[PDB]
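Undergrad: Sharing an experimental structure here, sequence included.
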Protein chains: 2
Amino acid sequence: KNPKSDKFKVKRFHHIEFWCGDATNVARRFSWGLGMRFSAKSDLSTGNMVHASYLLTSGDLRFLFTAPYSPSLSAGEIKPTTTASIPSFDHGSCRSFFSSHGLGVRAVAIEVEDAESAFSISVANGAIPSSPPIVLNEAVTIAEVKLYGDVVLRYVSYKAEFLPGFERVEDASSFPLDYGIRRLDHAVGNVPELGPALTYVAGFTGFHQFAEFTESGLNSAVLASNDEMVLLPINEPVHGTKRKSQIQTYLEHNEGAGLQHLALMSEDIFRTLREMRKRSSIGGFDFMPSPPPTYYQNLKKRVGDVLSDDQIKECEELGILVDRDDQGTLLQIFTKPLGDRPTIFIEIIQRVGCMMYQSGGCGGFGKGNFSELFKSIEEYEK
Amino acid sequence: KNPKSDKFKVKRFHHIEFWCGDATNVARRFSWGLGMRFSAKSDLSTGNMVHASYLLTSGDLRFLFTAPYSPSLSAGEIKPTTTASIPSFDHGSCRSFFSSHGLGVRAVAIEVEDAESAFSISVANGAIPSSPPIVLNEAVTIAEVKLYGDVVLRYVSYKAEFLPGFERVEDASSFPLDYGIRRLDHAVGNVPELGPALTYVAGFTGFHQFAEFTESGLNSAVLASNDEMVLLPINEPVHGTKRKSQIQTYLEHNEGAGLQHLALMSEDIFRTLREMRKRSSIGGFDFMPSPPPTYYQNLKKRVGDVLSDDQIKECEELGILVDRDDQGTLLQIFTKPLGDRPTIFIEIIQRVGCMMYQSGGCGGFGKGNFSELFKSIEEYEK
Ligand SMILES: O=Cc1ccc(O)cc1
Ligand SMILES: O=Cc1ccc(O)cc1
Ligand SMILES: [Co+2]
Ligand SMILES: [Co+2]
């Protein structure tokens, strides 16, 4: 059921911000590996003496890559006089974040109808504030509250192009890469305690529970906005098994709670993963090992309704996993970690079904794949 | 003249080490942009709980990319018990370096005959020590002294493959990229005072002066080993001009002295720059604006001995600059800065002449190009 209990009007996922040591090199790496275009910049060349920020886009997917300059460049500035385009940026918070966590997501940004309203209500409903609502060039309002660990939920509202103080990137350095990725489907957090984190975040958003899982590694539950286009899974470790919890492994190397992965919807996961796998070893992203043939044999038994033999065969060529709900079918695959630490990674998905537009969360999140993976793996050893 | 006054046996440039926030993302970016292969790793998967280090190679060019893990992973270690493969690494020095300078070169590594000898002699001749000589798996000795700013001159000696504790990278993730780059030709430092820096470095190496310049921006001089295969230019600002010194601009954004650029020799600078320019806007490196046609007109007057019309025309297609000595011809081009700050960049070169093998420094370093650039630029405005 859906109680539709949001405490403010939430529109959609807007952007994701990575805090980096060098924004250029991460952004250029992500651009090539994922097929996103360089579409906006705020830096020294735009008069920003505080931080370097570069935005990649694929469809409605926006990845923001931010790093601090030397504080010496903005030593004569104060917040009222700042040249930063992102007023919540802080040299010391950025360097502490990166030093503690390595490369990772700092902000999960959602568009709302009124960022100042959304901030006040949230804090009035238990959210720890992180940056109060600031109006940019009387056009855009932004505000931040704590989500989990050092990750912030960022509210954005527009009166009526990315942010003031950003510039459209010169056509020549903006090469129209595109491998089929269109928007952010969901963002998954890992915490030491799922209960308090669910209570906290549902407390100040009014987001409702969408799904849950539990017997191998984790417990999780998903919060969702009213129309369930903003989807926030949260995991916790389950201590006590033959294998160490990967959630727990995450928390160690990340120095605590943080964002685990971003699931990016592709309008054509076949072309997307062909393009990504072509580039895996020339600067792109690597992919988790592909399931055994066993798996893909059992898929004709599970989704032969949904995917032809040839489409199943293409799933096998590319290591794609398939789960099915009572309502939809989910094609999914995972990258290896995006940086040095085994912390953040990326998932590519495409959903089949739930036509009415397509309703969010169609097909679930893969909870059936745990079983079928081990079940198929027993059968490959044979 | 060459007094051949080195105080220890120096062989060649061995490797360059970048200190990074995330080693993976810089290394993958550099690999694609420059056409270097992933050939060795030391990280969690090799049992290194301290740092992540990835080595790219093109010919004899070795780029090392290093970043710290969370200190929490190695909290129970001490130097005698360390899992670091590079014993001079220090979590706190790395984070301070990167926070002060951004992405940049930490170590300029040269192979010597005896690293322990080279360290003792150097310190006995005025070098500030940075890391004392350490023997790795009774096979390799490494030692570090201060070069300028927070850059260290690293001595390496081998009894008789990169470093112990590193592993050859799996063939699949090692894609045989190659755009023609073969070795490091020279590494250029910027300092506030050229005099004391030349005195310091020549003092402890015995390197001799090879060349010098001065009237627009800088003064410089080059130190060279006995056979002049190790070449170390050093620049200082010249304050007082219509345009601000780019050396001075470097020192501001870098927070002091440091390495300005690395000149990489290509066995075919035409193919190299074709390959690099193809990738400039899809994750590679950008190039400084190309000289005007004026320039390339005057080149037939200057190197028509050396380059045919068609080769000059290919130079023009790719923005290559050409200088000529009394002894050789130099083709050169410069990238834009490698990261967020206008600090470190890269130069691609190829030298024609001085055949005997080719003698180092053949053709100089471009000091004639200052004049011919402005001279040609006056003639394009016309
Ligand atoms: O994030 C993984 C996940 C799997 C199954 C769920 O029900 C929820 C989340
Ligand atoms: O590094 C640039 C340079 C130019 C001319 C010189 O003589 C020496 C260095
Ligand atoms: Co998921
Ligand atoms: Co040079």
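TA: It's in. Numbers count the residues shown, from 1 in each chain, chains lettered A, B, ... in the order given. Ligands and ions are numbered 1, 2, ... in the order given.
Undergrad: Please give me every residue in contact with residue A:232.
TA: For residue A:232, the contact set (C-beta atoms under 8 Å, 6 or more residues apart in numbering or on different chains) comprises A:108, A:186, A:187, A:188, A:189, A:201, A:207, A:222, A:223, A:224. All C-beta atoms are positioned from the backbone trio N, CA, C, and that covers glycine.
Undergrad: taking these one by one, which sit in helices?
TA: If you go by DSSP state H, those have residue A:201 in helices.
Undergrad: Can you tell me which of the contacts of residue A:232 is nearest ligand 3?
TA: Distances from ligand 3 to the contacts of residue A:232, taken as C-beta to the ion, are shortest for residue A:188 (5.4 Å).
Undergrad: For the closest one, give the beta-bridge partners.
TA: Bridge pairing for residue A:188 (DSSP bridges) gives the partners residue A:261.
Undergrad: near ligand 1, which of the contacts of residue A:232 show up?
TA: A:188, A:222 (C-beta under 6 Å from any ligand atom).
Undergrad: distance of the residue of chain A found nearest chain B from residue B:23?
TA: Of all residues in chain A, residue A:21 sits closest to chain B, at 2.0 Å by C-beta to the nearest C-beta. Distance of residue A:21 to residue B:23, computed by C-beta to C-beta, to the nearest Å: 10 Å.
Undergrad: In contact with the residue of the stretch 201-350 of chain A found nearest ligand 4, which residues are there?
TA: The minimum distance from the stretch 201-350 of chain A to ligand 4, using C-beta to the ion, falls at residue A:283 (26.2 Å). Residues counted as contacts of residue A:283 (C-beta under 8 Å, 6+ apart) are A:29, A:32, A:33, B:28, B:29, B:31, B:32, B:33, B:283.
Undergrad: host element of the closest residue to it other than its chain neighbours?
TA: Counting by C-beta to C-beta, 6 or more residues apart in numbering or on different chains, residue A:283 lies nearest to residue B:32, which is 3.2 Å off, once chain neighbours are set aside. Element membership of residue B:32 [criterion: DSSP states H and E] is helix B:23-34.
Undergrad: Give me the helices and strands touching that helix, please.
TA: helix A:23-34, strand B:37-42, strand B:51-58, strand B:61-68, helix B:269-279 (3 or more C-beta pairs under 8 Å, 6 or more residues apart in numbering or on different chains; DSSP states H and E).
Undergrad: Out of these, flag the one nearest residue A:350.
TA: Nearest of the helices and strands packed on helix B:23-34 to residue A:350, taken as C-beta to C-beta: helix A:23-34 at 15.1 Å.
Undergrad: Convert that closest one to CSV, retaining C-alpha atoms only.
TA: Only the C-alpha atoms of helix A:23-34 are listed here, as CSV (Å, rounded to 0.1, in the frame of the first residue of the first chain):
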residue,chain,number,x,y,z
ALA,A,23,37.2,17.2,-10.2
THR,A,24,38.7,17.2,-13.7
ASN,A,25,40.1,13.7,-13.6
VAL,A,26,37.1,12.0,-12.0
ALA,A,27,34.7,13.9,-14.3
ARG,A,28,36.6,13.0,-17.5
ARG,A,29,36.9,9.4,-16.4
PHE,A,30,33.1,9.2,-15.7
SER,A,31,32.3,10.9,-18.9
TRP,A,32,34.2,8.3,-21.1
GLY,A,33,33.2,5.3,-18.9
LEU,A,34,29.5,6.1,-18.8
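Undergrad: all strands for the stretch 1-150 of chain A, in order.
TA: Applying DSSP state E, counting those that start in this stretch to the stretch 1-150 of chain A gives strands spanning A:10-19, A:37-42, A:51-58, A:61-68, A:104-112, A:129-136, A:140-148.
Undergrad: want to try a markdown table for the ones you listed, with distance to ligand 2 and mean neighbour count as columns?
TA: Output for these, formatted as a markdown table (distance: least, C-beta to the nearest ligand atom, whole Å; neighbours: other C-beta atoms under 10 Å in any protein chain shown):
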| stretch | distance to ligand 2 | mean neighbour count |
| --- | --- | --- |
| strand A:10-19 | 35 | 22 |
| strand A:37-42 | 29 | 22 |
| strand A:51-58 | 26 | 24 |
| strand A:61-68 | 28 | 25 |
| strand A:104-112 | 38 | 24 |
| strand A:129-136 | 42 | 17 |
| strand A:140-148 | 44 | 23 |
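Undergrad: Give me the residue at the spatial middle of chain A.
TA: Central residue of chain A (C-alpha atoms, centre = their mean): residue A:262, 2.8 Å from the mean position.
Undergrad: re earlier: would you turn the strands of the stretch 1-150 of chain A into CSV with distance to residue B:272?
TA: Listed next are the strands of the stretch 1-150 of chain A as CSV, based on distance: least, C-beta to C-beta, whole Å:
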stretch, distance to residue B:272
strand A:10-19, 31
strand A:37-42, 24
strand A:51-58, 26
strand A:61-68, 28
strand A:104-112, 35
strand A:129-136, 43
strand A:140-148, 44
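Undergrad: coming back round to it: now the residue nearest to the centre of chain A: how far from ligand 3?
TA: Relative to ligand 3, residue A:262 is positioned 9 Å away (criterion: C-beta to the ion, to the nearest Å).
Undergrad: count of neighbours near the closest residue to residue A:175 other than its chain neighbours?
TA: The spatial neighbour of residue A:175 that comes closest, neighbours along the chain excluded (C-beta to C-beta, 6+ apart), is residue B:281 at 4.0 Å. Residue B:281: 22 surrounding residues under other C-beta atoms under 10 Å in any protein chain shown.
Undergrad: can you give me the helices in the stretch 101-250 of chain A?
TA: For the stretch 101-250 of chain A, the helices defined by DSSP state H, counting those that start in this stretch occupy A:115-124, A:194-205, A:246-254.
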